[PDB]
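First comes one chain, alone, set out as structure tokens in the form deposited in one PDB entry.
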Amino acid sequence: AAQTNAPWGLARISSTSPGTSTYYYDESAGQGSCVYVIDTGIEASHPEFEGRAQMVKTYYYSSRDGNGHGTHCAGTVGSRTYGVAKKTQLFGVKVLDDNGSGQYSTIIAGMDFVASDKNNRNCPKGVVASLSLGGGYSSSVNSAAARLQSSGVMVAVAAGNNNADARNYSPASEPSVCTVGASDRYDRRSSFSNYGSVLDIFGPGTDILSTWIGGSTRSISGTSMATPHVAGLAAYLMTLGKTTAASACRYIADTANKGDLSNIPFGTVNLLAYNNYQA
């Protein structure tokens, strides 16, 4: 399948070269997979989600996304126009308040929630969790991410936006999950992207168009935007049967575009997520 005039990041993940604008992908499109977006919530009523998104958990007075961040990330995972895996099921877990903030205890609870809640959902092709959040190093936060991964969920986490080594941030620094840095449309490391040996992969993160609250759209930047590209890619590849939750990060690294990004610090992988779709 081909989506013309796609957001640049979708085109990038199906291309061996920057500078194109059509997204190519197998029509299965992540059908039968599930992606949890652990964030500020999801505006599930947005026409872009087509009834495939729902809130399953909140730790606050509402499950609604009063911020937009979680809706944007969910849109990059699986919205019809802005999403990588256009037929996946999206589940929202609101661990961040409408200012985008959350306590680590709540974030940990949300990860353990997903590890159990997947057993209440129909995801025959597999389960992914997208965590566009983080803060300073916490062994307890890393352990929660490791549990979620161990339970059979492909965990993708943002590297962080400090232009610093991600070893000092959580859950970015957890070795067993997929830590995602950000790139721009010219294949440069995004100016804010964290780096370091703990990164597994880069995805599009600068000037990413996606869904927003109020039934709208907007373009924003962050490793928060790169992470759902990788989460959606994992769901798509799992639906194709090419990989599993336990192996998808490694598979994405195996099949990435290699050596094509600029300003990658020595010691950080030079790997850009790629769906290897041959039309």
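In this text, residue numbers run from 1 along the sequence as written.
The form solved in complex with a partner chain exists for this protein as well; it is not shown, and the discussion that follows is about that form.
- Contact check for residue 176: no non-hydrogen atom falls within 4.5 Å of its partner chain in the deposited bound form.
- Mapping the unseen interface onto this chain, residue 239 falls outside it, with no heavy atom inside 4.5 Å of its partner chain in the deposited bound form.
- In the deposited bound form, its partner chain sits within 4.5 Å of a heavy atom of residue 133.
- Its partner chain in the deposited bound form is approached by residue 220, whose closest heavy atom lies within 4.5 angstroms of it.
- Just one listed stretch, out of 48-56, 25-33, 223-231, 241-249, contacts its partner chain in the deposited bound form at the 4.5 Å heavy atom level, and that stretch is 223-231.
- Contact annotation: of the candidates 81, 150, 162, 197, the single residue with a non-hydrogen atom within 4.5 angstroms of its partner chain in the deposited bound form is 162.
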